[PDB]
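Taking the form deposited in one PDB entry, here's one chain by itself in structure tokens.
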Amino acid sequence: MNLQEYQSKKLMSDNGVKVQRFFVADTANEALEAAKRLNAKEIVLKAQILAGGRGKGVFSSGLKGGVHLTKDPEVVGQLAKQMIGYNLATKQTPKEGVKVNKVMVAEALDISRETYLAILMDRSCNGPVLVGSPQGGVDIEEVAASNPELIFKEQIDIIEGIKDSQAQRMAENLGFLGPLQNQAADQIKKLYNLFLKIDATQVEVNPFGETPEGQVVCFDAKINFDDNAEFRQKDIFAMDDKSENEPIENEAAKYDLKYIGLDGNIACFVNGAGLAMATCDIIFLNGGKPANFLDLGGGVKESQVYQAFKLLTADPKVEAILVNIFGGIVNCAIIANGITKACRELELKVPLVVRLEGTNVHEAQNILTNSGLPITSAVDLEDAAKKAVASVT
């Protein structure tokens, strides 16, 4: 899960990390009166959406840019007007982008030096890791490419804890001279602990830096939380809005279902994630355009086949459906029945293609073909895909 920038700075602040002073706004007037209330040389007004890209993004008020700097409390106001209420699209959001309901009016700051520092669990390291380059400001993945030697790492020992020498070793590699160093390092230590404290898969700071006035500041930072640790991070997840989550996606979760939309017209739904990915793939391999990805887990249950279909009903981009269910733990006719029960009972009017596999598959297929419904039994996953595809040309 991800929180809004104003929520994660809050959080960083309460755990001793130094960030810019700031105010949150729901109206263009609160924003404007906030820039006056700050009282400073310059001001950063940043729309709040979880998708990165805000900088170069474009609003639907016509306004270009999700991030703006101005010393005049007024420019803030006029700019705000064009954000609250509108949608922001970025190189990272759906073509019509996310709606914006709050802006952040924080005090700009002089960035003397710009560095990159991030903390995560590394997939080859097992155990925390500090990743930082003295060349902050730019998109890490580019430094990594152009100058691999400006990327330092410090594996950390999950039992031991971060070592003073490591924070110093990093601070050093990051560019902090003499005095500043011991303050950099202590911020690093404070982040690492924040990181373990909150069950983050990642705490990224970019830029991490220094003001001319002598402070070590995380001017920007992204934080990814481990969705599995929610049961022990209720405070943090309480802040998760869900305002931004896609609708069908939201509904689907209520029923332990896991949905994700693609831009096609052939929906599908499978039991098991691996097989749901493979299903979207085989469709495409055969010329289709999968409409979504749906995983029911290993929890087949007449109830879900129903909500599962219910959902598909939503996306009116859908022209067909492929059901790939590998039974194993249950009789395939019970599944066929529930499929059809749910189908008439949901007055469907789109071609259905089912591929059931497991136990008692023959009678199960009989039910699907002897249903009167616009259903079609499929022999295997390839047959299933070929049909669904044919079914919409």
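Residue numbers here begin at 1 and follow the sequence given. Each form is matched to the other, and the largest set of C-alpha atoms that superpose within 1.5 Å is called the rigid core.
Here the stretch with the larger average CA B-factor, out of 135-143 and 237-245, is 135-143. When the two stretches 249-257 and 275-283 are set side by side, the higher mean Cα temperature factor goes to 249-257. Residue-level inspection of the entry shows that, of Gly77, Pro207, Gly297, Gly85, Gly77 has the top Cα B-factor. The entry assigns its greatest Cα B factor, within the set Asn324, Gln365, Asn337, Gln48, to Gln365. Looking at the C-alpha B-factors along this chain, the one for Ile375 belongs to the middle third. Sort the modelled residues of the chain by CA B factor and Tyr192 lands in the lowest third.
Placement of the Cα temperature factor of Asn228 within the chain: lowest third of the modelled residues, per the deposited record. The deposited CA B-factor of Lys102 belongs to the lowest third of values across its chain. Among the modelled residues of its chain, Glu149 has a C-alpha B-factor that falls in the highest third, as given in the PDB entry.
Keep in mind the form deposited in another entry is missing from the figure; the text below concerns it.
When both forms sit on the same rigid core, the CA shifts between the shown form and the other one reach 2 angstroms or more only at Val105 out of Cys218, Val105, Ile162, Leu130.
After superposition on the rigid core, displacement of the C-alpha of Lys254 between the shown form and the other one amounts to 2 Å or more.
With a cut-off of 2 Å and the rigid core superposed, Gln92 has a Cα displacement that reaches or exceeds the cut-off between the shown form and the other one.
Core-superposed comparison between the shown form and the other one: the CA of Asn228 stays below a 2 Å shift.
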